[PDB]
Structure formats: structure tokens, C-alpha cells
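Trainee: Handing you a structure now.
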Amino acid sequence: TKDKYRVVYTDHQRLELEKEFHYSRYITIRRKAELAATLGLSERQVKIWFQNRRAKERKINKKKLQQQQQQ
DNA sequence: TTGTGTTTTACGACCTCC
DNA sequence: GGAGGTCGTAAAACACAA
């Protein structure tokens, strides 16, 4: 696990994760392992980041929908 | 400032998967 | 035979109108 209490990821670390997310919204066990290793993060952090990004996507989609219902 | 609204990490609870 | 999915939320970090 990781705690005390949350760490900020570097702009470069975020960038790579965003790219990879555009490549696929679900990361494979292998990919996860490549990415962790090259980014200096744990597999679990990568797991979780992918979970959060999908939640963010759901949240942005609901809003897109709420606007479209109103225009 | 500061306040107060939002975004980013990280969790636990609970659930699906032959 | 345990992994990863959602979800709601805590708290740190950031955005920025007043």
C-alpha cells in the first residue's frame, strides 16, 4: 500500500498516463508493469490512477449529457 | 488573502468474475 | 484460486472571484 497522505504526480508522469489512457481505457497487466517501471510509480498507483481517470470520464460525460439535455 | 468550489491521490466496502 | 471493477468519500492541492 501507500500512505502519508497523498503525493502529487509530476507533469511528466501525468502526461504519459493520459497518453496511455487515450491508447486504452483499461490497462493490461503487462502494460501496467511497463508503465510503472518506466515512470517510477507502483503498479497499485497505476491501477488506481486508471480507476480514477475512468471516474473522471464518467463525471465529464454526465455533464456533457446535462448540457445537451439543455441545448 | 480568504473562503469556497473543484481536482487529484488514496482508501474501504462491496461486487463480479468460471 | 484473488484480480480487478465501481462508488462515495477524506484530505491535500490548486484555482480564482470577491
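Here's how to read the names in the C-alpha cells: chain A, B, ... by the order shown, residue numbers from 1 in each chain, ligand numbers from 1 in the order shown.
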Please find the residues of chain B near chain A - the criterion being any atom within 8 Å, counting only C-alpha atoms (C1' of nucleotides) - and write them as JSON, numbers by chain.
Mentor: {"B": [8, 9, 10]}
Trainee: Hey, list the chain C side of the contact with chain A: 9 Å cut-off, only C-alpha atoms (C1' of nucleotides), answer as a PyMOL selection string.
Mentor: chain C and resi 4-6+11-13
Trainee: Any chance you could export the current selection's N, CA and C atoms (P, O5', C5', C4', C3', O3' and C1' of nucleotides) as an mmCIF file, in the first residue's frame?
Mentor:
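Contents of the output file out06.cif:
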data_model
loop_
_atom_site.group_PDB
_atom_site.id
_atom_site.type_symbol
_atom_site.label_atom_id
_atom_site.label_comp_id
_atom_site.auth_asym_id
_atom_site.auth_seq_id
_atom_site.Cartn_x
_atom_site.Cartn_y
_atom_site.Cartn_z
ATOM 1 P P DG C 4 -4.943 -6.813 -10.732
ATOM 2 O "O5'" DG C 4 -6.019 -7.134 -11.873
ATOM 3 C "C5'" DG C 4 -6.590 -6.156 -12.753
ATOM 4 C "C4'" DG C 4 -8.035 -5.950 -12.387
ATOM 5 C "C3'" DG C 4 -8.412 -4.504 -12.098
ATOM 6 O "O3'" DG C 4 -8.921 -4.019 -13.339
ATOM 7 C "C1'" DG C 4 -9.614 -6.100 -10.763
ATOM 8 P P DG C 5 -9.403 -2.583 -13.466
ATOM 9 O "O5'" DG C 5 -10.965 -2.616 -13.141
ATOM 10 C "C5'" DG C 5 -11.976 -2.885 -14.130
ATOM 11 C "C4'" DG C 5 -13.366 -2.850 -13.539
ATOM 12 C "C3'" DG C 5 -13.740 -1.513 -12.935
ATOM 13 O "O3'" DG C 5 -14.293 -0.585 -13.832
ATOM 14 C "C1'" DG C 5 -14.332 -3.213 -11.430
ATOM 15 P P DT C 6 -14.310 0.893 -13.418
ATOM 16 O "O5'" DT C 6 -15.583 1.059 -12.493
ATOM 17 C "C5'" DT C 6 -16.891 0.719 -12.948
ATOM 18 C "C4'" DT C 6 -17.796 0.660 -11.746
ATOM 19 C "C3'" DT C 6 -18.172 2.029 -11.181
ATOM 20 O "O3'" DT C 6 -19.578 2.102 -11.180
ATOM 21 C "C1'" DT C 6 -17.408 0.570 -9.439
ATOM 22 P P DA C 11 -10.395 13.489 6.984
ATOM 23 O "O5'" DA C 11 -9.256 14.040 6.025
ATOM 24 C "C5'" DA C 11 -8.063 13.331 5.746
ATOM 25 C "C4'" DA C 11 -7.327 14.099 4.677
ATOM 26 C "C3'" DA C 11 -7.092 15.594 4.955
ATOM 27 O "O3'" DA C 11 -5.692 15.704 5.262
ATOM 28 C "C1'" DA C 11 -7.864 15.231 2.740
ATOM 29 P P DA C 12 -4.829 16.985 4.906
ATOM 30 O "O5'" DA C 12 -4.474 16.687 3.367
ATOM 31 C "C5'" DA C 12 -3.287 15.958 2.992
ATOM 32 C "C4'" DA C 12 -2.840 16.412 1.625
ATOM 33 C "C3'" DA C 12 -2.212 17.799 1.602
ATOM 34 O "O3'" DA C 12 -1.038 17.630 0.813
ATOM 35 C "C1'" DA C 12 -4.125 17.780 0.209
ATOM 36 P P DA C 13 -0.293 18.878 0.126
ATOM 37 O "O5'" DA C 13 -1.201 19.216 -1.130
ATOM 38 C "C5'" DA C 13 -0.974 18.523 -2.354
ATOM 39 C "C4'" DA C 13 -1.681 19.254 -3.459
ATOM 40 C "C3'" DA C 13 -1.185 20.692 -3.665
ATOM 41 O "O3'" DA C 13 -0.696 20.780 -5.010
ATOM 42 C "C1'" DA C 13 -3.539 20.636 -3.521
#
Trainee: Rounded to one decimal, what separation in Å do you get between atom CA of residue A:18 and atom CA of residue A:38?
Mentor: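 Between these atoms lies a distance of 14.7 Å.
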Trainee: Taking only C-alpha atoms (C1' of nucleotides) into account, which of A:58, A:19, A:32, A:44 comes nearest residue C:7?
Mentor: A:58
Trainee: Can you tell me which residues surround residue C:15 at a distance of at most 12 Å, considering only C-alpha atoms (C1' of nucleotides), apart from same-chain residues fewer than 2 positions away, and format the answer as number ranges by chain?
Mentor: B: 4-7; C: 13, 17
Trainee: Given the selection you just returned, output its residues as a file containing N, CA and C atoms (P, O5', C5', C4', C3', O3' and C1' of nucleotides), formatted as a CSV table (one decimal), in the first residue's frame.
Mentor:
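Result saved to part.csv:
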chain,number,residue,atom,x,y,z
B,4,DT,P,-17.4,30.7,2.4
B,4,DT,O5',-18.1,30.3,1.1
B,4,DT,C5',-17.6,30.6,-0.2
B,4,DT,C4',-17.1,29.4,-1.0
B,4,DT,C3',-17.4,28.1,-0.3
B,4,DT,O3',-17.6,27.0,-1.3
B,4,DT,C1',-15.2,28.2,-1.1
B,5,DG,P,-19.0,26.9,-2.0
B,5,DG,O5',-18.7,26.5,-3.5
B,5,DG,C5',-18.1,27.4,-4.4
B,5,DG,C4',-17.4,26.7,-5.5
B,5,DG,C3',-17.8,25.3,-5.7
B,5,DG,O3',-17.7,25.1,-7.1
B,5,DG,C1',-15.6,25.3,-5.1
B,6,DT,P,-18.0,23.7,-7.8
B,6,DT,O5',-16.5,23.2,-8.0
B,6,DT,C5',-15.7,23.7,-9.1
B,6,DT,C4',-14.4,23.0,-9.2
B,6,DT,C3',-14.4,21.6,-9.6
B,6,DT,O3',-13.6,21.5,-10.7
B,6,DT,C1',-13.0,21.9,-7.7
B,7,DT,P,-13.5,20.2,-11.6
B,7,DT,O5',-12.1,19.6,-11.1
B,7,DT,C5',-10.9,20.4,-11.3
B,7,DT,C4',-9.7,19.7,-10.7
B,7,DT,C3',-9.6,18.3,-11.2
B,7,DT,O3',-8.3,18.3,-11.8
B,7,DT,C1',-9.4,18.4,-8.9
C,13,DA,P,-0.3,18.9,0.1
C,13,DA,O5',-1.2,19.2,-1.1
C,13,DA,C5',-1.0,18.5,-2.4
C,13,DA,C4',-1.7,19.3,-3.5
C,13,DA,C3',-1.2,20.7,-3.7
C,13,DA,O3',-0.7,20.8,-5.0
C,13,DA,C1',-3.5,20.6,-3.5
C,17,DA,P,-11.8,34.6,-11.5
C,17,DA,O5',-13.2,34.0,-10.9
C,17,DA,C5',-14.5,34.7,-11.0
C,17,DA,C4',-15.0,35.1,-9.7
C,17,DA,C3',-15.1,36.6,-9.5
C,17,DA,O3',-16.5,36.8,-9.2
C,17,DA,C1',-13.8,35.8,-7.7
